[PDB]
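The file final.txt comes next; it holds compact mmCIF, C-alpha atoms and all ligand atoms.
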# COMPACT_ATOMS: atom_id res chain seq x y z
CA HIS A 4 13.43 -9.07 19.24
CA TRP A 5 14.27 -7.35 15.96
CA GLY A 6 13.55 -3.73 15.29
CA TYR A 7 15.05 -0.57 13.81
CA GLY A 8 17.03 0.59 16.84
CA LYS A 9 20.80 0.78 17.30
CA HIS A 10 20.86 -2.57 19.03
CA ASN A 11 18.31 -4.60 17.10
CA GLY A 12 18.25 -2.87 13.70
CA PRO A 13 18.99 -4.11 10.16
CA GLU A 14 22.69 -4.75 10.79
CA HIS A 15 21.71 -7.22 13.53
CA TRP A 16 18.99 -9.16 11.73
CA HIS A 17 21.31 -11.76 10.22
CA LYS A 18 21.95 -13.32 13.65
CA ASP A 19 18.35 -14.53 14.04
CA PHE A 20 17.64 -14.61 10.26
CA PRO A 21 20.72 -15.72 8.30
CA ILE A 22 18.87 -15.28 5.03
CA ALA A 23 19.51 -11.54 5.60
CA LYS A 24 22.79 -12.08 3.74
CA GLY A 25 21.07 -14.11 1.03
CA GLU A 26 21.23 -14.02 -2.74
CA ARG A 27 18.04 -12.11 -3.42
CA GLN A 28 17.50 -9.66 -0.57
CA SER A 29 15.45 -6.46 -0.69
CA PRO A 30 15.39 -3.56 -0.90
CA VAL A 31 17.92 -2.55 -3.56
CA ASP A 32 19.15 0.57 -5.22
CA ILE A 33 17.54 0.93 -8.65
CA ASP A 34 20.23 2.13 -11.03
CA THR A 35 18.08 3.62 -13.78
CA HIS A 36 20.78 3.56 -16.40
CA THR A 37 21.54 -0.15 -15.85
CA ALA A 38 17.94 -1.41 -15.66
CA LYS A 39 17.03 -2.85 -19.01
CA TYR A 40 13.83 -2.19 -20.89
CA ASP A 41 12.06 -5.51 -21.44
CA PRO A 42 9.58 -5.11 -24.37
CA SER A 43 8.13 -8.51 -23.46
CA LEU A 44 6.84 -7.31 -20.07
CA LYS A 45 3.01 -7.01 -20.14
CA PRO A 46 1.16 -3.95 -18.88
CA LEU A 47 0.48 -4.21 -15.17
CA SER A 48 -3.15 -4.97 -14.24
CA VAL A 49 -4.31 -3.47 -10.93
CA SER A 50 -7.96 -4.33 -10.27
CA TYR A 51 -8.95 -2.82 -6.96
CA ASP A 52 -12.58 -1.84 -7.72
CA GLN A 53 -13.90 -4.55 -5.36
CA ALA A 54 -11.29 -4.18 -2.62
CA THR A 55 -12.67 -4.69 0.89
CA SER A 56 -10.59 -3.17 3.67
CA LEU A 57 -11.26 -4.34 7.19
CA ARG A 58 -8.94 -2.95 9.77
CA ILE A 59 -5.82 -0.97 10.47
CA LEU A 60 -3.20 -2.22 12.89
CA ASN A 61 -0.04 -0.87 14.54
CA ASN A 62 2.16 -3.99 14.77
CA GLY A 63 5.13 -2.34 16.43
CA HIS A 64 7.04 -1.75 13.21
CA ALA A 65 4.51 -0.12 10.86
CA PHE A 66 0.74 0.24 10.51
CA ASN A 67 -1.04 -2.23 8.27
CA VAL A 68 -4.30 -1.67 6.44
CA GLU A 69 -5.69 -5.22 6.02
CA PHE A 70 -8.12 -6.44 3.40
CA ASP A 71 -10.49 -9.38 3.14
CA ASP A 72 -8.60 -11.74 0.84
CA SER A 73 -11.02 -14.71 1.11
CA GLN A 74 -12.22 -14.10 -2.48
CA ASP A 75 -10.68 -12.61 -5.62
CA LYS A 76 -11.69 -8.98 -5.03
CA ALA A 77 -8.52 -6.90 -5.33
CA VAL A 78 -5.95 -8.47 -7.62
CA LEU A 79 -2.68 -7.68 -9.32
CA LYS A 80 -1.73 -9.53 -12.50
CA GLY A 81 0.13 -8.92 -15.74
CA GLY A 82 3.46 -7.15 -15.72
CA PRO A 83 6.15 -9.76 -14.95
CA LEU A 84 3.63 -11.96 -13.15
CA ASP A 85 2.23 -15.31 -14.14
CA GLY A 86 -1.15 -15.85 -12.56
CA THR A 87 -3.18 -13.79 -10.14
CA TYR A 88 -2.04 -12.23 -6.90
CA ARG A 89 -4.53 -11.15 -4.26
CA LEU A 90 -4.16 -8.03 -2.07
CA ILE A 91 -3.84 -8.86 1.61
CA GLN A 92 -2.60 -5.56 3.11
CA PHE A 93 -0.59 -2.41 2.55
CA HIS A 94 1.75 -0.48 4.82
CA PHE A 95 4.46 2.16 4.62
CA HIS A 96 8.08 2.75 5.64
CA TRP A 97 9.10 6.34 6.40
CA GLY A 98 11.80 8.49 7.87
CA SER A 99 12.47 10.88 10.74
CA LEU A 100 13.11 13.56 8.07
CA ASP A 101 11.83 14.14 4.52
CA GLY A 102 15.30 13.29 3.16
CA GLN A 103 15.00 9.59 3.96
CA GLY A 104 12.39 6.92 4.59
CA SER A 105 12.12 4.80 1.43
CA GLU A 106 13.57 1.28 1.26
CA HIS A 107 14.27 1.14 -2.46
CA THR A 108 16.35 4.01 -3.81
CA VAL A 109 16.57 5.37 -7.39
CA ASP A 110 20.13 6.20 -8.45
CA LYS A 111 20.80 6.36 -4.67
CA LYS A 112 18.01 8.89 -4.15
CA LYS A 113 15.96 8.22 -0.99
CA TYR A 114 12.28 9.28 -0.96
CA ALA A 115 10.41 10.44 2.14
CA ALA A 116 8.48 7.16 2.35
CA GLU A 117 7.48 4.05 0.45
CA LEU A 118 4.09 2.34 0.24
CA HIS A 119 3.97 -1.44 -0.10
CA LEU A 120 0.77 -3.14 -1.40
CA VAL A 121 1.32 -6.83 -0.60
CA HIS A 122 -0.30 -9.55 -2.71
CA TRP A 123 -0.06 -13.36 -2.62
CA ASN A 124 -0.16 -15.84 -5.51
CA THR A 125 -3.56 -17.52 -5.53
CA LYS A 127 -2.07 -20.80 -6.79
CA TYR A 128 -0.73 -21.33 -3.22
CA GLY A 129 -4.10 -21.12 -1.47
CA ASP A 130 -3.12 -18.64 1.21
CA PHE A 131 -0.53 -16.20 2.40
CA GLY A 132 1.20 -18.55 4.82
CA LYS A 133 1.91 -21.10 2.06
CA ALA A 134 2.75 -18.43 -0.51
CA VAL A 135 5.65 -17.00 1.52
CA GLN A 136 7.40 -20.36 1.34
CA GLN A 137 7.52 -20.11 -2.48
CA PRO A 138 9.97 -18.20 -4.69
CA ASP A 139 7.05 -16.62 -6.60
CA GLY A 140 4.65 -16.51 -3.69
CA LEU A 141 4.24 -12.77 -3.31
CA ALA A 142 4.04 -9.66 -5.50
CA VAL A 143 4.63 -6.38 -3.68
CA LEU A 144 3.80 -3.13 -5.49
CA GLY A 145 6.03 -0.34 -4.15
CA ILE A 146 5.16 3.33 -4.60
CA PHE A 147 7.45 6.15 -3.55
CA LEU A 148 6.16 9.14 -1.60
CA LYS A 149 7.62 12.64 -1.86
CA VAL A 150 6.52 15.64 0.20
CA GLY A 151 4.64 18.34 -1.71
CA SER A 152 0.91 18.55 -2.31
CA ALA A 153 -1.37 16.45 -0.16
CA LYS A 154 -2.70 13.10 -1.42
CA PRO A 155 -6.50 13.37 -0.84
CA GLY A 156 -6.85 9.58 -0.95
CA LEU A 157 -4.45 9.14 1.95
CA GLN A 158 -6.24 11.40 4.41
CA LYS A 159 -8.62 8.78 5.80
CA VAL A 160 -5.54 6.79 6.79
CA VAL A 161 -3.83 9.80 8.37
CA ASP A 162 -6.92 10.60 10.37
CA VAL A 163 -7.30 7.17 11.95
CA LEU A 164 -3.68 6.99 13.19
CA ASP A 165 -4.57 8.76 16.45
CA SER A 166 -6.52 5.62 17.39
CA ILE A 167 -3.68 3.13 16.88
CA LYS A 168 -0.81 5.10 18.34
CA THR A 169 0.95 2.17 20.02
CA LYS A 170 1.96 -1.42 19.31
CA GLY A 171 -0.93 -3.87 19.28
CA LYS A 172 -3.68 -1.28 18.80
CA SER A 173 -6.12 -1.83 15.94
CA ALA A 174 -9.22 -0.09 14.60
CA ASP A 175 -12.05 -0.86 12.23
CA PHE A 176 -11.15 0.47 8.80
CA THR A 177 -13.73 -0.39 6.22
CA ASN A 178 -14.46 0.96 2.76
CA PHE A 179 -11.01 2.44 2.22
CA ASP A 180 -10.22 2.56 -1.52
CA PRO A 181 -6.54 1.80 -2.26
CA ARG A 182 -6.94 3.21 -5.81
CA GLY A 183 -6.64 6.60 -4.14
CA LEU A 184 -2.95 5.92 -3.37
CA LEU A 185 -1.82 5.21 -6.96
CA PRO A 186 0.11 7.63 -9.17
CA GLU A 187 -1.11 8.32 -12.75
CA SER A 188 1.43 6.14 -14.50
CA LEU A 189 1.94 2.42 -13.93
CA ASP A 190 5.45 2.36 -15.53
CA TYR A 191 7.67 0.21 -13.30
CA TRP A 192 10.94 -1.57 -12.52
CA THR A 193 10.81 -5.25 -11.49
CA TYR A 194 13.26 -7.73 -9.94
CA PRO A 195 13.16 -10.88 -7.76
CA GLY A 196 13.62 -10.16 -4.07
CA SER A 197 12.49 -10.66 -0.50
CA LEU A 198 10.38 -9.43 2.35
CA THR A 199 12.27 -6.40 3.75
CA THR A 200 11.62 -7.22 7.41
CA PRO A 201 12.34 -10.47 9.25
CA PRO A 202 11.78 -13.35 8.35
CA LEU A 203 13.22 -11.79 5.14
CA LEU A 204 11.87 -14.69 3.04
CA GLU A 205 12.97 -14.65 -0.63
CA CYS A 206 9.46 -15.02 -2.01
CA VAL A 207 8.78 -11.61 -3.56
CA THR A 208 8.50 -10.37 -7.11
CA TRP A 209 9.04 -6.65 -6.59
CA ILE A 210 7.21 -4.21 -8.86
CA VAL A 211 8.30 -0.64 -8.08
CA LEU A 212 6.51 2.25 -9.80
CA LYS A 213 8.61 4.96 -11.41
CA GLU A 214 6.16 7.75 -10.57
CA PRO A 215 6.01 8.75 -6.91
CA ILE A 216 2.87 10.11 -5.31
CA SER A 217 3.01 13.43 -3.44
CA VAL A 218 1.82 13.71 0.17
CA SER A 219 1.83 16.82 2.37
CA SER A 220 4.29 17.57 5.12
CA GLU A 221 1.29 17.39 7.52
CA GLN A 222 0.36 13.92 6.30
CA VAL A 223 3.84 12.41 6.75
CA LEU A 224 4.23 14.33 10.00
CA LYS A 225 1.31 12.33 11.42
CA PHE A 226 3.05 9.04 10.49
CA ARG A 227 5.95 10.20 12.66
CA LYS A 228 3.73 10.58 15.74
CA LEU A 229 3.05 6.85 15.88
CA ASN A 230 4.92 4.73 18.48
CA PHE A 231 7.02 1.52 18.15
CA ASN A 232 6.32 0.84 21.84
CA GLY A 233 3.14 -0.45 23.40
CA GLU A 234 0.87 1.64 25.59
CA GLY A 235 2.34 2.30 29.02
CA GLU A 236 5.94 1.93 27.82
CA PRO A 237 8.51 4.72 27.27
CA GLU A 238 7.68 6.47 24.03
CA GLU A 239 9.89 5.77 21.06
CA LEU A 240 8.57 7.44 17.92
CA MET A 241 7.90 5.15 14.94
CA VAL A 242 10.33 6.71 12.41
CA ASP A 243 13.05 5.33 10.14
CA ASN A 244 11.40 1.88 9.94
CA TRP A 245 13.18 1.19 6.66
CA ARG A 246 15.86 -1.33 5.74
CA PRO A 247 18.73 0.10 3.66
CA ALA A 248 19.56 -1.09 0.15
CA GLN A 249 21.07 -4.60 -0.09
CA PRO A 250 23.60 -6.09 -2.58
CA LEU A 251 22.04 -6.70 -5.99
CA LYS A 252 24.28 -9.73 -6.45
CA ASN A 253 23.22 -11.89 -9.36
CA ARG A 254 20.11 -10.00 -10.45
CA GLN A 255 18.95 -7.73 -13.28
CA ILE A 256 16.30 -5.06 -12.72
CA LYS A 257 13.97 -4.82 -15.73
CA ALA A 258 12.02 -1.71 -16.76
CA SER A 259 8.55 -1.77 -18.34
CA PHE A 260 9.38 1.45 -20.14
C1 LIG A 301 7.13 -9.89 7.36
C2 LIG A 301 5.87 -9.65 6.63
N1 LIG A 301 5.06 -10.62 6.24
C3 LIG A 301 4.06 -10.03 5.55
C4 LIG A 301 4.27 -8.68 5.52
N2 LIG A 301 3.41 -7.70 4.97
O1 LIG A 301 2.41 -8.10 4.37
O2 LIG A 301 3.63 -6.51 5.18
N3 LIG A 301 5.45 -8.43 6.20
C5 LIG A 301 6.13 -7.15 6.43
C6 LIG A 301 7.25 -6.88 5.49
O3 LIG A 301 6.67 -6.80 4.15
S1 LIG A 301 7.45 -6.07 3.00
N4 LIG A 301 8.17 -4.78 3.62
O4 LIG A 301 8.47 -6.99 2.60
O5 LIG A 301 6.47 -5.64 2.05
ZN ZN A 302 7.21 -3.01 3.41
What's the structure tokens form of this structure?
Amino acid sequence: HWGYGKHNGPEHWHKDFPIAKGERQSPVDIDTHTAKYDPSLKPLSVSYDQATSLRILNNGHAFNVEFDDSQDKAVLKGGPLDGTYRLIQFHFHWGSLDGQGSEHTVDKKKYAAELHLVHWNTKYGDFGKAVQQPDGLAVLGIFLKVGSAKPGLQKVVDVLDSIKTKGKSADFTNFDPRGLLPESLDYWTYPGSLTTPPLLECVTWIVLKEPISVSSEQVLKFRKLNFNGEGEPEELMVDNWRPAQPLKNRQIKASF
């Protein structure tokens, strides 16, 4: 039932998912002057050399590029994490205009979009069990700004024509997620939640300071996708982002 419309959007989610007003909800505004440098944080370790993508799916809210996570092939570790987290999928949140689209904000600044690389803690055996744990997931967030094109993102942009509407999927093998990373791995980290229902509070958020640049043409294609299924009135898939939530009793730590 939930969505991003006027009648089923973020302000309505708490009715079906009370945890929406919880103590560690995401996203949040990252106040750069209040985040504290934590010299103890370890460098982040992103090992995607063996990543195996499989498919791309329009699920009615976003498009997901899914990976084979049946073996340790693409893992995130280090940083604030204890253990190894395996990549399961990545997706984006974007706006109807370049002035908005990201979920996290930096000193209230909204970026044109935000990429989320979702990983689950291998100590829990699988994704379904991991989401029921406070340290079950690690999501790496990367901001997108509009400027020069991101060569590594083009294969994704080009396949979107084939999954225009809800429920459509397409084979999507050999896509290298390393092509979506900025140069620097400096980051902010805080304990949070999934940003869409069920809004489970099982995420260690790791948000990179350096955004990647994508072209106006690339983000324009994102905006041609549909929230609706085929044969239904067209509603463009835009502004599929949840606004910043109360930080409450949390400190955002910086790796730099
Ligand atoms: C609800 C849910 N379960 C798993 C995923 N996922 O992997 O994208 N999501 C979507 C929301 O994920 S997110 N925005 O919190 O990174
Ligand atoms: Zn997301």
Quick one: contact table of chain A to ligand LIG 301 (chain A), 10 Å max, nearest atom pair and distance in Å to one decimal per residue, counting all atoms listed in the file, chain and number order, as JSON lines?
{"residue": "A:28", "atom": "CA", "partner": "A:LIG301", "partner_atom": "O4", "distance": 9.9}
{"residue": "A:29", "atom": "CA", "partner": "A:LIG301", "partner_atom": "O4", "distance": 7.7}
{"residue": "A:30", "atom": "CA", "partner": "A:LIG301", "partner_atom": "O4", "distance": 8.5}
{"residue": "A:62", "atom": "CA", "partner": "A:LIG301", "partner_atom": "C5", "distance": 9.8}
{"residue": "A:64", "atom": "CA", "partner": "A:LIG301", "partner_atom": "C5", "distance": 8.7}
{"residue": "A:65", "atom": "CA", "partner": "A:LIG301", "partner_atom": "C5", "distance": 8.5}
{"residue": "A:66", "atom": "CA", "partner": "A:LIG301", "partner_atom": "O2", "distance": 9.1}
{"residue": "A:67", "atom": "CA", "partner": "A:LIG301", "partner_atom": "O2", "distance": 7.0}
{"residue": "A:68", "atom": "CA", "partner": "A:LIG301", "partner_atom": "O2", "distance": 9.4}
{"residue": "A:69", "atom": "CA", "partner": "A:LIG301", "partner_atom": "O1", "distance": 8.8}
{"residue": "A:90", "atom": "CA", "partner": "A:LIG301", "partner_atom": "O1", "distance": 9.2}
{"residue": "A:91", "atom": "CA", "partner": "A:LIG301", "partner_atom": "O1", "distance": 6.9}
{"residue": "A:92", "atom": "CA", "partner": "A:LIG301", "partner_atom": "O1", "distance": 5.8}
{"residue": "A:93", "atom": "CA", "partner": "A:LIG301", "partner_atom": "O2", "distance": 6.4}
{"residue": "A:94", "atom": "CA", "partner": "A:LIG301", "partner_atom": "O2", "distance": 6.3}
{"residue": "A:95", "atom": "CA", "partner": "A:LIG301", "partner_atom": "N4", "distance": 7.9}
{"residue": "A:96", "atom": "CA", "partner": "A:LIG301", "partner_atom": "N4", "distance": 7.8}
{"residue": "A:106", "atom": "CA", "partner": "A:LIG301", "partner_atom": "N4", "distance": 8.5}
{"residue": "A:117", "atom": "CA", "partner": "A:LIG301", "partner_atom": "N4", "distance": 9.4}
{"residue": "A:118", "atom": "CA", "partner": "A:LIG301", "partner_atom": "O5", "distance": 8.5}
{"residue": "A:119", "atom": "CA", "partner": "A:LIG301", "partner_atom": "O5", "distance": 5.3}
{"residue": "A:120", "atom": "CA", "partner": "A:LIG301", "partner_atom": "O5", "distance": 7.1}
{"residue": "A:121", "atom": "CA", "partner": "A:LIG301", "partner_atom": "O1", "distance": 5.2}
{"residue": "A:122", "atom": "CA", "partner": "A:LIG301", "partner_atom": "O1", "distance": 7.7}
{"residue": "A:123", "atom": "CA", "partner": "A:LIG301", "partner_atom": "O1", "distance": 9.1}
{"residue": "A:131", "atom": "CA", "partner": "A:LIG301", "partner_atom": "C3", "distance": 8.3}
{"residue": "A:132", "atom": "CA", "partner": "A:LIG301", "partner_atom": "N1", "distance": 8.9}
{"residue": "A:135", "atom": "CA", "partner": "A:LIG301", "partner_atom": "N1", "distance": 8.0}
{"residue": "A:141", "atom": "CA", "partner": "A:LIG301", "partner_atom": "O1", "distance": 9.2}
{"residue": "A:142", "atom": "CA", "partner": "A:LIG301", "partner_atom": "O5", "distance": 8.9}
{"residue": "A:143", "atom": "CA", "partner": "A:LIG301", "partner_atom": "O5", "distance": 6.1}
{"residue": "A:144", "atom": "CA", "partner": "A:LIG301", "partner_atom": "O5", "distance": 8.4}
{"residue": "A:145", "atom": "CA", "partner": "A:LIG301", "partner_atom": "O5", "distance": 8.2}
{"residue": "A:196", "atom": "CA", "partner": "A:LIG301", "partner_atom": "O4", "distance": 9.0}
{"residue": "A:197", "atom": "CA", "partner": "A:LIG301", "partner_atom": "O4", "distance": 6.3}
{"residue": "A:198", "atom": "CA", "partner": "A:LIG301", "partner_atom": "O4", "distance": 3.1}
{"residue": "A:199", "atom": "CA", "partner": "A:LIG301", "partner_atom": "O4", "distance": 4.0}
{"residue": "A:200", "atom": "CA", "partner": "A:LIG301", "partner_atom": "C6", "distance": 4.8}
{"residue": "A:201", "atom": "CA", "partner": "A:LIG301", "partner_atom": "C1", "distance": 5.6}
{"residue": "A:202", "atom": "CA", "partner": "A:LIG301", "partner_atom": "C1", "distance": 5.9}
{"residue": "A:203", "atom": "CA", "partner": "A:LIG301", "partner_atom": "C1", "distance": 6.8}
{"residue": "A:204", "atom": "CA", "partner": "A:LIG301", "partner_atom": "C1", "distance": 8.0}
{"residue": "A:205", "atom": "CA", "partner": "A:LIG301", "partner_atom": "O4", "distance": 9.5}
{"residue": "A:206", "atom": "CA", "partner": "A:LIG301", "partner_atom": "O4", "distance": 9.3}
{"residue": "A:207", "atom": "CA", "partner": "A:LIG301", "partner_atom": "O4", "distance": 7.7}
{"residue": "A:209", "atom": "CA", "partner": "A:LIG301", "partner_atom": "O5", "distance": 9.1}
{"residue": "A:244", "atom": "CA", "partner": "A:LIG301", "partner_atom": "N4", "distance": 9.7}
{"residue": "A:245", "atom": "CA", "partner": "A:LIG301", "partner_atom": "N4", "distance": 8.4}
{"residue": "A:246", "atom": "CA", "partner": "A:LIG301", "partner_atom": "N4", "distance": 8.7}
request  = Might you pull out every residue within 10 Å of region 40-56 of chain A, with all atoms listed in the file counted and same-chain residues fewer than 3 positions away left off, and present them as a ChimeraX atom specification?
outcome  = /A:37,59,68-72,74-84,87-92,144,175-182,185,189-193,210,256-260
File dump, residues just selected, C-alpha atoms, as a JSON list (two decimals), in the frame of the given file:
[["chain", "number", "residue", "atom", "x", "y", "z"],
["A", 37, "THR", "CA", 21.54, -0.15, -15.85],
["A", 59, "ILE", "CA", -5.82, -0.97, 10.47],
["A", 68, "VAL", "CA", -4.30, -1.67, 6.44],
["A", 69, "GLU", "CA", -5.69, -5.22, 6.02],
["A", 70, "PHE", "CA", -8.12, -6.44, 3.40],
["A", 71, "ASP", "CA", -10.49, -9.38, 3.14],
["A", 72, "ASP", "CA", -8.60, -11.74, 0.84],
["A", 74, "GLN", "CA", -12.22, -14.10, -2.48],
["A", 75, "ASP", "CA", -10.68, -12.61, -5.62],
["A", 76, "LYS", "CA", -11.69, -8.98, -5.03],
["A", 77, "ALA", "CA", -8.52, -6.90, -5.33],
["A", 78, "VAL", "CA", -5.95, -8.47, -7.62],
["A", 79, "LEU", "CA", -2.68, -7.68, -9.32],
["A", 80, "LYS", "CA", -1.73, -9.53, -12.50],
["A", 81, "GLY", "CA", 0.13, -8.92, -15.74],
["A", 82, "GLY", "CA", 3.46, -7.15, -15.72],
["A", 83, "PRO", "CA", 6.15, -9.76, -14.95],
["A", 84, "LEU", "CA", 3.63, -11.96, -13.15],
["A", 87, "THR", "CA", -3.18, -13.79, -10.14],
["A", 88, "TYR", "CA", -2.04, -12.23, -6.90],
["A", 89, "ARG", "CA", -4.53, -11.15, -4.26],
["A", 90, "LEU", "CA", -4.16, -8.03, -2.07],
["A", 91, "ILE", "CA", -3.84, -8.86, 1.61],
["A", 92, "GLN", "CA", -2.60, -5.56, 3.11],
["A", 144, "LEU", "CA", 3.80, -3.13, -5.49],
["A", 175, "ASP", "CA", -12.05, -0.86, 12.23],
["A", 176, "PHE", "CA", -11.15, 0.47, 8.80],
["A", 177, "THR", "CA", -13.73, -0.39, 6.22],
["A", 178, "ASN", "CA", -14.46, 0.96, 2.76],
["A", 179, "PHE", "CA", -11.01, 2.44, 2.22],
["A", 180, "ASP", "CA", -10.22, 2.56, -1.52],
["A", 181, "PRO", "CA", -6.54, 1.80, -2.26],
["A", 182, "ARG", "CA", -6.94, 3.21, -5.81],
["A", 185, "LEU", "CA", -1.82, 5.21, -6.96],
["A", 189, "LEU", "CA", 1.94, 2.42, -13.93],
["A", 190, "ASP", "CA", 5.45, 2.36, -15.53],
["A", 191, "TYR", "CA", 7.67, 0.21, -13.30],
["A", 192, "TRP", "CA", 10.94, -1.57, -12.52],
["A", 193, "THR", "CA", 10.81, -5.25, -11.49],
["A", 210, "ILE", "CA", 7.21, -4.21, -8.86],
["A", 256, "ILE", "CA", 16.30, -5.06, -12.72],
["A", 257, "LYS", "CA", 13.97, -4.82, -15.73],
["A", 258, "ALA", "CA", 12.02, -1.71, -16.76],
["A", 259, "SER", "CA", 8.55, -1.77, -18.34],
["A", 260, "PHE", "CA", 9.38, 1.45, -20.14]]
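CA of residue 241 (chain A) is positioned 10.0 Å from CA of residue 61 (chain A).
Using only C-alpha atoms for every distance, the candidate list A:113, A:38, A:219, A:86 yields A:86 as the residue closest to residue 128 (chain A).
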key: Length of the CA of residue 161 (chain A) to CA of residue 116 (chain A) vector [Å]   = 14.0 Å
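Minimum atom-to-atom distances from A:5, A:226, A:97, A:114 to ligand ZN 302 (chain A) were compared using all atoms listed in the file, and the lowest value belongs to A:97.
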Distance query residue 19 (chain A) at most 10 Å, all atoms listed in the file, self and fewer than 2 positions along chain excluded, as JSON, numbers by chain = {"A": [4, 5, 15, 16, 17, 21, 22, 23, 201, 202]}
ask   = With distances taken over all atoms listed in the file, which of A:26, A:33, A:215, A:233 is nearest to residue 110 (chain A)?
value = A:33
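The closest residue to ligand ZN 302 (chain A), picked from A:216, A:163, A:146, A:242 and counting all atoms listed in the file, is A:146.
The gap separating CA of residue 167 (chain A) from CA of residue 234 (chain A) is 9.9 Å, in Å to one decimal.
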Nearest to residue 171 (chain A), chosen from A:99, A:232, A:105, A:12, with all atoms listed in the file counted in the distances = A:232
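Considering the residues A:164, A:60, A:218, A:224 and counting all atoms listed in the file, residue 100 (chain A) has its shortest atom-to-atom contact with A:224.
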